[PDB]
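What follows is a short report on a single structure.
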Amino acid sequence: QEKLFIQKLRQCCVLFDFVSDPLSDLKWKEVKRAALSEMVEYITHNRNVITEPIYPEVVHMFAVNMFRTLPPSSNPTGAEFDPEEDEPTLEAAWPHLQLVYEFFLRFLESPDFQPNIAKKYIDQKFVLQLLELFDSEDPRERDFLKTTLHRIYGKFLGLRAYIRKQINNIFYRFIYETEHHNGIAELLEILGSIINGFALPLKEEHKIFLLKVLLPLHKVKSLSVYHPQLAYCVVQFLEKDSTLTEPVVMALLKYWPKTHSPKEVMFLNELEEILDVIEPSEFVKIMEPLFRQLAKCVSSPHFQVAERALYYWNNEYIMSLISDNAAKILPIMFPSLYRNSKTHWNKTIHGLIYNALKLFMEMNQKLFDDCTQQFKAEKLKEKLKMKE
Amino acid sequence: XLXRXXX
Amino acid sequence: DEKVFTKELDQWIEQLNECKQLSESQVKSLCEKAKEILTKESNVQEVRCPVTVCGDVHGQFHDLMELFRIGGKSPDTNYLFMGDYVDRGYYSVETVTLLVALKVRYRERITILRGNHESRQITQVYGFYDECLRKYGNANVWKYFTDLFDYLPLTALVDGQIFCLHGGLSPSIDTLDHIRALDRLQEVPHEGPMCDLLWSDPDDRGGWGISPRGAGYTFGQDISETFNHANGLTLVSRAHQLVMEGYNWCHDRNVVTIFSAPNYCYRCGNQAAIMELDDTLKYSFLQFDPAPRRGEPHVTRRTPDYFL
Amino acid sequence: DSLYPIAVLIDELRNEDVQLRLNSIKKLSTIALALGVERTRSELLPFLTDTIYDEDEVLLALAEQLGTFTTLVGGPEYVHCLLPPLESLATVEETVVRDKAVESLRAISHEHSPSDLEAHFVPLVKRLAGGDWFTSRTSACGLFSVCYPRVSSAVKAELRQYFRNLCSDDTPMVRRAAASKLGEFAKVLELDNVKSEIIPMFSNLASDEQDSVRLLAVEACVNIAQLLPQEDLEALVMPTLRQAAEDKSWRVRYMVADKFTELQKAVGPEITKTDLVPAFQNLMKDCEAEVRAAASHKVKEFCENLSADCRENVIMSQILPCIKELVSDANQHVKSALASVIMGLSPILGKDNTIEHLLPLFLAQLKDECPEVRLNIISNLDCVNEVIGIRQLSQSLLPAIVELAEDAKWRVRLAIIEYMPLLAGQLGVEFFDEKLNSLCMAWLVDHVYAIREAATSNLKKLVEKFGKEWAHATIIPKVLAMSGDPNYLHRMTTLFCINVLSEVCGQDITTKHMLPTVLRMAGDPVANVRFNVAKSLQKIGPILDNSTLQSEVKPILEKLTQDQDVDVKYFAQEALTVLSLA
Ligand SMILES: [Mn+2]
Ligand SMILES: [Mn+2]
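Protein chains in written order, with the deposited numbering: chain E, 28 to 415; chain Y, 1 to 7; chain F, 2 to 309; chain D, 8 to 589.
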């Protein structure tokens, strides 16, 4: 009857202690799969609105099931390997876990179930141990963590700090100590939201986060794993405040890959995305050193690079920006576009290049001719003379 | 299985 | 004049054996000297047995080393590699350099053929390019090698009875004289005969088909039978696809596939194998696992990818 | 005759073109030279100090460079001039850079006079230690040990404080650092301060939220233990080490396991029997293979160092039982691990015990599935006979040693082949001949060259053991019935052996029963054999008498110089050149 806040606070402790070691396939007597799926449906299907009694044994139950010390990885060292090609390792005993997660989730994501309940039974320590878990079971486990943390972040202003700080630590260690972690991606997604929704006038710390943590992160070798999730944060940051543009672009160039073509293209790809939102008044501060770089890409003997860079020319907004400033830019690109496009081994760029030169004429005939004039001249002397 | 061009 | 350089080579080789790359300079020379020797070779190279035929190596230098432990060393035993020297492995450079170094040296003891990966585009998409970058700082070594590749013979015939090639058969080719005509000195095309010989696979679907790869086709048994008879061939020796057992027979033991890169990409988990053709063309297969890797130094934190 | 180029470098030190500007920097040592020492101080350093290059690659260089300018700057009297740039380089985000920065700072610290240490170096440490960025503080940690011992009492005092503050930093990244350096710092603190200052920091760090910090504390435990006298270990150390062994994080337990023998010593022979032995047992039973294996590797060394008076016993009652379990562990590496050291307990337990307790396990391992295990066991049979009997050997062990001589994996056959010569002379030629010589002859025909090679080598070692006459009466023969093999691969093996046996069979046997076949083989239809047949003559060359040479060697060696084959032709002219036959 009305004697449940003792039957449940016992139906749980049953699932709590539990901890049936699923690494021998013995003791096949479920028990817990029930108590769990049971405590779930008992709070989902309009089965309640009064089960907020003082009983945070929900946490403890969760904690004792989830806070284990992740095992040694079953994947290779590194350097000669690519995590993108790691064999997915599922956590045996996911069933119990899955439910513990799924349950816990709907737990504090229900009405009437206030914050000031957990506010004293969900401390930094909880958060911290939660973060560590961000490390191996295919999305399956990480994903839940991802979501779980998100909401815990959105529901306790008196934690937001820590959650953030701690994540930065998880990041610094990644960038400068062990160039390995399995859930940067998941962690970035969470951050994406967090970023997108700060005080109108950005607080000092957030800028730091972007610069001392976010950008330097493009530095790592395993970028092909969370590149998209990252770029999003980088862009979302610019949309919040454009000011941070110069430093952002400058940084990317600072970190421009020189022995990693893939990452190179990724950079290029991430750069356009930034341009697409680049505020006109700022496309200038960057403009020069940026294109100074793009000119080098277009000339790259690496087709995929040369190509991806060259492709910046079918983008109207960029072409627009290049026009409103064609004066300073054209002379930067020109020498590399006009450069005997008949040299490449890849009989496909000459045309790709041409398309670009062409687009420059239909932007300012004068300059073009004027640049060609100079190019042809300087090229004569340095040829007439450079022959003795 | 790494990418058809060949695990 | 002869030893003057032949000793310079002999050394280069010994250095490569320690898995220590040659200088950008040396690489250029090695390749020069290499073209001059590779030109003279036909598209359908005539190799007299006995010899051991080897498949893919994909820059897994050490397993290549293991390979030699299995079949003997050069030039004490004669070899024949069917392309795919670079990409995937962690030591493409050393691998290719060493193999090429041996060709320049023991010119009649080893035979290297072109593989679908001895191409500018693939090497750019599958590693080699970058490796050369991080190992030399520029793109010269890459260029110098990709250039040499062009001069690699597309096929080889062993004792007039065994046809060896990296890829497979081509609808554009019916007789060995056809291949002989072809002008191979050029990058591998996205379409055509040359490309076919380098990307085709045997199929269990009978009759010319569409390659799930993207190049070459998928010839069937009947096609093999036909081809062999028309040219007087007893065996189509090729390798271009991972065979979890090192080697695999297909099309009523008319064509056999031979992979030599154990645990390919350091992931696949296949065994590797080589095929020995004795004093009188007798089959004989040797399978082998990837050699044991050992290294006690402190696995430091690698230099940034943006360095240079 | 010109001072222009060096004049250029100093110029391109601001070319805003990394590529170039880097060159100048990597050549800074020469700019500074042709510059002057007084100019270096007055111009160069400052320029370097007020020019914040961005490029990490450049900064990296600038840092590695300043570490050598001790002289170029003006000697120890002026060494303190190199600090500014370094101090800042110690703060670079990119570790690598700031890492070099500290390596150098540490290096030139010794060139500092205590007076200058206190005056300029220490302050740099403090500043770095109080910085806003973890990076700075991180570096600061490594600078303590080198300047602390030579400064004043009052300063050491301050330093001790600072270091303590670092250990309790709010960043794991820093604490991990403080931790790593906690060991080297204790080695310079006076004994008492160790007891009252290190100990606290030690345990404090040994139980930090972050397991990635606690495990470091463990290593430092060793160094600290070595600093305290026995009496004080049960009071200041053990409580922590005991916890370390039971830590929830397998990573921390792994360390205790991996530095076990190292603790064994630092601790003492008593506490070992008292605290460690038990502890060491739990580690072999750990739930994490990674850990079990780690402890296994230490079995031999841990047992060898046991106090003389108890050794034989504890091994028998405490250690031995786990070993039996470990021999059956489900994890390869664990099995594989223990199979390398296990043989070491053998001479400690003595003949009787070995045969009753270890021998079965050995036997077990000689038959495991995992090659690494079998491989690892075989390689230690060189001894055993010194412990068990030469009979027990050939009684319960020789049978496997024979079976293994043909197990699948070649590397395992290789191991047996390597053991033969030993196992051969031990049992005696008479036995060898009866049932062991056939195996040695068969490997001479194994598929994988690697093996045939080792089999050839094996022959020389046997001849050394049993006598040239024995070779000429048991081996030389079959080594020739080989040149009549259709496969040039095997046909070559013949010349290969001759290349070996000759060395030790004598001018007689060589010339009377081998040289013939070498000449006869110069007519092999296969170039390979032909050029190797030439190579052989260049080997057994000096062994023959000048009469046989310039009469029966040179002649057939000549016919080869004029061969259709490029290589055979090469090795022939070569064989001559060295044999002074031309
Ligand atoms: Mn291929
Ligand atoms: Mn391949």
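In this text, a Cβ means the ideal position worked out from N, Cα and C, and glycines have one as well.
Chain D contact for residue i (CB, 8 Å cutoff)
| i | result |
| --- | --- |
| E:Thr-116 | no |
| E:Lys-355 | no |
| F:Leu-287 | yes |
Local conformation of residue i per DSSP, three classes
| i | result |
| --- | --- |
| D:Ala-337 | coil |
| F:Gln-46 | strand |
| F:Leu-81 | strand |
| F:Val-256 | strand |
| D:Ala-412 | helix |
| E:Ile-345 | helix |
| D:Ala-252 | helix |
| D:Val-103 | helix |
| F:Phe-164 | strand |
| F:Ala-157 | strand |
| E:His-207 | coil |
| D:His-520 | helix |
| D:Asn-553 | helix |
| D:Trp-140 | coil |
| F:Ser-26 | helix |
| D:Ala-232 | helix |
Cutoff 8 Å: residue i Cβ touching any chain F Cβ
| i | result |
| --- | --- |
| E:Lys-290 | yes |
| E:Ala-106 | yes |
| D:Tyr-456 | yes |
| D:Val-533 | yes |
| E:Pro-110 | no |
| E:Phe-134 | no |
| E:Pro-328 | yes |
| D:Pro-179 | no |
| D:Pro-236 | no |
| D:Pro-493 | yes |
| D:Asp-176 | no |
| E:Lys-414 | no |
Any C-beta of chain E under 8 Å from that of residue i
| i | result |
| --- | --- |
| F:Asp-131 | yes |
| D:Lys-255 | yes |
| F:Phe-220 | no |
| D:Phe-141 | yes |
| F:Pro-190 | no |
Which residues DSSP lists as bridging residue i, in chain order
| i | result |
| --- | --- |
| F:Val-54 | F:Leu-81 and F:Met-276 |
| F:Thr-112 | F:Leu-81 |
| F:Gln-288 | F:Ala-274 |
Below-8 Å beta-carbon distance, residue i vs any chain Y residue
| i | result |
| --- | --- |
| F:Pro-213 | yes |
Any non-hydrogen atom of ligand 3 within 7 Å of residue i CB
| i | result |
| --- | --- |
| F:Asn-271 | As presented, the structure is devoid of ligand 3, carrying ligand 1 and ligand 2 as its sole ligands. |
What runs of the alpha helix (DSSP H), each 4 residues or longer, lie entirely inside the segment 142 to 178 of chain E?
-> If you keep only unbroken alpha helix (DSSP H) runs of at least 4 residues inside the segment 142 to 178 of chain E, you get 151 to 159.
If you scan the segment 166 to 254 of chain F from start to end, which runs of the beta strand (DSSP E) of 3 or more residues do you find wholly inside it?
-> Counting only runs of 3 or more, we get 236 to 239 and 248 to 251.
Measuring from each Cβ to the nearest heavy atom of ligand 2, keep the ones under 5 Å and list them in chain order.
-> The answer, residue by residue, is F:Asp-57 and F:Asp-85.
Would you mind listing the alpha helix (DSSP H) stretches within the segment 449 to 488 of chain D that are 4+ residues and don't spill past its ends, in chain order?
-> Qualifying alpha helix (DSSP H) stretches, in chain order: 456 to 473 and 475 to 481.
Which runs of the alpha helix (DSSP H), 4 residues or longer, sit entirely within the segment 296 to 338 of chain D?
-> List check, alpha helix (DSSP H) in window: 296 to 311, 318 to 321 and 327 to 333.
Which whole runs of the alpha helix (DSSP H) in the segment 356 to 444 of chain D are 4 residues long or more, in chain order?
-> Counting only runs of 4 or more, we get 366 to 372, 378 to 385, 388 to 391, 397 to 402, 405 to 410, 417 to 434 and 436 to 442.
Which parts of the segment 160 to 219 of chain D are runs of the alpha helix (DSSP H), unbroken and 4 residues or longer, counting only runs that do not cross its ends?
-> Whole alpha helix (DSSP H) segments, 4+ residues: 160 to 174, 179 to 193 and 206 to 213.
Tell me the start and end of each unbroken alpha helix (DSSP H) in the segment 367 to 411 of chain E that is at least 4 residues and wholly inside, in chain order.
-> Look at the segment 367 to 411 of chain E and you find these whole runs of alpha helix (DSSP H), each 4 residues long or longer: 376 to 388 and 392 to 411.
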